[PDB]
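A.B. asks: Below is one structure. I have some questions about it.
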Amino acid sequence: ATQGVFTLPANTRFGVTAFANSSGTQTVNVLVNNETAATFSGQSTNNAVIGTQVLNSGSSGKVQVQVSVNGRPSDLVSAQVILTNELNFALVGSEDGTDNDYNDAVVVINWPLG
Ligand SMILES: *C(=O)C[C@@H]1O[C@@H](C)[C@@H](O)[C@@H](O)[C@@H]1O
Ligand SMILES: [Ca+2]
Ligand SMILES: [Ca+2]
């Protein structure tokens, strides 16, 4: 089942924040309408943020997150959760190796902003 793929409301600003918990330098790409929109890198085993940015969902609102470590794509878990019918989280977990903790890069997408 596809993961890291999120339909947002069109032409809406959203925040995207990534955290690293791994030996591997995480490289997370944030694609809007299949065009690369953000790119983050950093290495941490202590939940350091390797990038935070404000993007626009574009005309299509298709946001996709991808995680790789030196070119090897990680395995992704994701879901979207909505609180009081207004506050949206698109959550991404990512696993680069053996232990299946799925926090190697943690990516949080939240909206609306402002
Ligand atoms: C290799 O050690 C795997 C890797 O790095 C560890 C420090 C730990 O974060 C593990 O979850 C990660 O996949
Ligand atoms: Ca792991
Ligand atoms: Ca980890």
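Here Cβ is always computed from backbone atoms with ideal geometry, including for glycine, and neighbour counts include all displayed protein chains. Only the coordinates and a few stated rules stand behind these numbers; no lab work does.
A.B. asks: Taking the Cα centre of the chain as the origin and placing charges on Cβ (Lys, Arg +1; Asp, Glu -1), which of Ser78, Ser94, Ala10 is farthest toward the positive end of the dipole?
C.D. replies: Final value for the positive-end residue is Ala10.
A.B. asks: Could you pull out every residue, at least 5 positions away or on a different chain, whose amide H is within less than 5 Å of the one on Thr12? Hs are placed 1.01 Å off N in the peptide plane, and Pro or chain starts have none.
C.D. replies: When sequence neighbours closer than 5 places are left aside, the close amide H contacts are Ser57, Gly58.
A.B. asks: Determine the dipole magnitude for the chain: charges of +1 sit on the beta-carbon of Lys and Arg, -1 on that of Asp and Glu, nothing else is charged, the reference point is the Cα centre, and the result goes in debye to the nearest 20.
C.D. replies: Charge dipole, the chain, about its Cα centre: 360 debye, nearest 20.
A.B. asks: For the stretch 21-32, take each phi angle, set θ = phi - 60°, evaluate the Karplus expression 6.51 cos²θ - 1.76 cosθ + 1.60, and give the result in whole Hz per residue in order, putting x for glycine and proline.
C.D. replies: The phi angles translate into 9, 6, 5, x, 4, 7, 10, 9, 10, 10, 9, 10 Hz.
A.B. asks: Using the 10 angstrom Cβ neighbour count as an exposure proxy, how do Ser94, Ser41, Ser78 rank, fewest first?
C.D. replies: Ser41, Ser78, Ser94
A.B. asks: Next question, about the same structure. At a 10 Å Cβ-Cβ cut-off, how would you order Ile50, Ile82, fewest neighbours first?
C.D. replies: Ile82, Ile50
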